[PDB]
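Asker: Here the sequence shown is numbered in the deposited numbering, starting from 1 and rising by one per residue.
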Amino acid sequence: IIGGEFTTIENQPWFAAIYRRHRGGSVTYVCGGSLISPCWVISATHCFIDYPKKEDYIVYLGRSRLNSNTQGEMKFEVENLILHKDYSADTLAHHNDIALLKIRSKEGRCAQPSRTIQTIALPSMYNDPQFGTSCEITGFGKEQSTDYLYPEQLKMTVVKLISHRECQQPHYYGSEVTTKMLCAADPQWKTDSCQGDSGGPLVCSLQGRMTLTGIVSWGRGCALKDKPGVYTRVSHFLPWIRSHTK
Ligand SMILES: N=C(N)c1ccc2cc(NC(=O)Nc3ccccc3)ccc2c1
Numbered sequence: 001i002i003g004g005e006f007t008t009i010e011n012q013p014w015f016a017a018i019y020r021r022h023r024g025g026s027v028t029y030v031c032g033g034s035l036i037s038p039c040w041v042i043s044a045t046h047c048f049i050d051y052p053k054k055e056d057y058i059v060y061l062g063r064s065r066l067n068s069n070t071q072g073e074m075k076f077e078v079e080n081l082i083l084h085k086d087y088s089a090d091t092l093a094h095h096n097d098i099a100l101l102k103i104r105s106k107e108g109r110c111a112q113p114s115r116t117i118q119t120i121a122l123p124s125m126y127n128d129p130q131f132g133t134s135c136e137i138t139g140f141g142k143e144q145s146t147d148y149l150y151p152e153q154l155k156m157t158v159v160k161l162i163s164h165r166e167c168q169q170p171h172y173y174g175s176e177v178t179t180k181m182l183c184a185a186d187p188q189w190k191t192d193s194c195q196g197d198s199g200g201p202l203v204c205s206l207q208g209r210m211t212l213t214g215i216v217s218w219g220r221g222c223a224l225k226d227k228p229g230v231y232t233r234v235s236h237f238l239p240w241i242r243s244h245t246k
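Shown next, in the form of structure tokens:
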């Protein structure tokens with residue numbers, strides 16, 4: 001997250017921190033995710049497509065720092081890694097950038113909700129917020145495009161949704177951004193999501209309900225003029241999510 005503010009997991013309790021174990025024992029941070037039900041985390045296929053082995057991943061819920069075992073956190077392995085079959089990547093645009101992770105503790109249990117571990121509601125079909133609505137993003141991603149390290153403490157920011165007609169303007173993304181994608185940015189271009197925030201949540205309060213409207217997917221640079229963040233429009237994928245979690 002470029003700009004924004006430092007936060008803690010009690011403010012983002014649906015946030016999942018996903019890591020990968022490498023041969024030799026080293027563990028590195030991969031992507032964010034969101035808890036949609038006790039046994040299921042939703043994220044972005046691009047986070048996993050190059051290492052599609054469920055045994056490699058570690059998922060934490062209730063974790064506020066990259067390298068602290070936060071009090072109340074719970075650690076899980078991935079029982080099933082579901083990637084979208086029509087996922088693809090263009091120079092900028094990522095298509096069907098959505099994945100599901102079925103989680104299990106060593107004792108075989110799913111998440112136990114608590115003050116720091118909670119689900120986030122899915123949207124309803126054909127009901128996304130109007131352009132100009134403010135939404136929040138959360139993640140352990142870069143603080144500046146030139147950084148190589150990720151922040152130790154979790155961050156959040158707030159951005160505004162941009163219409164498809166505006167996002168398709170020539171100086172924006174033209175025809176590269178589709179109706180299955182949602183744009184969101186800062187009007188002054190000072191805050192945004194960035195590398196390492198992928199898979200994380202774009203949460204919008206709509207009709208009084210905190211909703212998982214988007215999943216961080218792609219963008220040209222981070223916080224660049226006329227280059228919004230692009231998110232998987234979760235409402236389009238409700239049939240896919242429902243069928244893959246039954
Ligand atoms: N402007 C944004 N909101 C945004 C959102 C997600 C992003 C994700 C990025 N991920 C990215 O470039 N990943 C990568 C890693 C190794 C080799 C090649 C590429 C980079 C910029 C991003 C920028």
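Positions of the beta carbon are idealized from the N, C-alpha and C atoms, including for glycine.
1) Three or more beta-carbon pairs under 8 Å between the stretch 48-64 and the stretch 182-196, yes or no?
2) Could you say if the stretch 71-87 and the stretch 104-114 meet the contact criterion of at least three C-beta pairs nearer than 8 Å?
3) Round the Cβ separation of residue 118 and residue 13 to the nearest angstrom and send it over; I've been treating them as touching at under 8 Å.
4) Taking only the alpha-carbon atoms, compute the straight-line gap between residue 66 and residue 129 and give it to the nearest angstrom.
5) In terms of alpha-carbon separation, which member of 136, 176, 72, 210 lies closest to residue 123?
6) What does the alpha-carbon distance come out to for the pair residue 85 and residue 202?
7) In chain order, what residues of the same chain lie with their CB nearer than 6 Å to the CB of residue 90, ignoring the 5 residues before and after it?
8) So residue 247 is in the alpha helix (DSSP H); what residue range does that whole segment cover?
9) According to the Cβ coordinates, are residue 18 and residue 27 closer than 8 Å?
10) Kindly examine ligand 1 and report whether one of its heavy atoms sits closer than 7 Å to the Cβ of residue 144.
11) Pick from 142, 37, 236, 153: whose alpha carbon is nearest that of residue 8?
12) Let me make sure I understand the geometry here. Which of 240, 137, 164 has the alpha-carbon closest to that of residue 1?
13) For residue 109, which three-state DSSP category applies?
14) Taking residue 103 as the reference, give the member of 169, 183, 74, 161 with the closest Cα.
15) Quick one: Cα of residue 247 to Cα of residue 204, how far?
16) Here's a check: name, in chain order, each residue in its chain whose Cβ is nearer than 6 Å to the Cβ of residue 222, leaving out the five neighbours to either side.
Answerer: Once the coordinates are examined:
1) The stretch 48-64 vs the stretch 182-196: no contact.
2) A contact is defined here as three or more CB-CB pairs under 8 Å, and the stretch 71-87 meets this definition with respect to the stretch 104-114.
3) Along the sequence shown, one-based indexing puts residue 118 at 118. Along the sequence shown, one-based indexing puts residue 13 at 13. Residue 118 to residue 13, Cβ: 4 Å. Contact.
4) As a first step, residue 66 is located in the sequence shown; it is residue number 66 there, counting from the start. As a first step, residue 129 is located in the sequence shown; it is residue number 129 there, counting from the start. One alpha carbon belongs to residue 66, the other to residue 129, and they sit about 32 Å apart.
5) Translated into positions along the sequence shown, residue 123 becomes position 123. Of 136, 176, 72, 210, the residue nearest in Cα terms is 210.
6) Counting from one through the sequence shown, the residue named residue 85 turns up at place 85. Counting from one through the sequence shown, the residue named residue 202 turns up at place 202. Looking at the two C-alpha atoms, the distance is approximately 23 Å.
7) The residue given as residue 90 occupies position 90 in the sequence shown. Correct list: empty, nothing qualifies.
8) Limits of the chain in this structure are 1 at one end and 246 at the other, which puts residue 247 out of reach.
9) Counting from one through the sequence shown, the residue named residue 18 turns up at place 18. Counting from one through the sequence shown, the residue named residue 27 turns up at place 27. Between residue 18 and residue 27, the C-beta spacing is not below 8 Å.
10) Residue mapping note: residue 144 aligns to position 144 of the sequence shown, counting from 1. Checking every heavy atom of ligand 1 against the Cβ of residue 144, none is found closer than 7 Å.
11) Translated into the one-based positions of the sequence shown, residue 8 becomes position 8. Nearest of 142, 37, 236, 153 to residue 8, Cα basis: 153.
12) If you number the sequence shown from 1, residue 1 lands on position 1. Residue 137 is the option with its Cα nearest to residue 1.
13) Mapped onto the sequence shown, residue 109 falls at position 109. Looking at residue 109 - three-state DSSP - the assignment turns out to be coil, as it is neither helix nor strand.
14) Counting from 1 along the sequence shown, the entry for residue 103 is found at position 103. When each option's Cα is compared against that of residue 103, the closest is 74.
15) No statement about residue 247 is possible, as the shown extent of the chain runs from 1 to 246 and does not include it.
16) Your numbering for residue 222 matches position 222 in the sequence shown. 2, 145, 192, 194.
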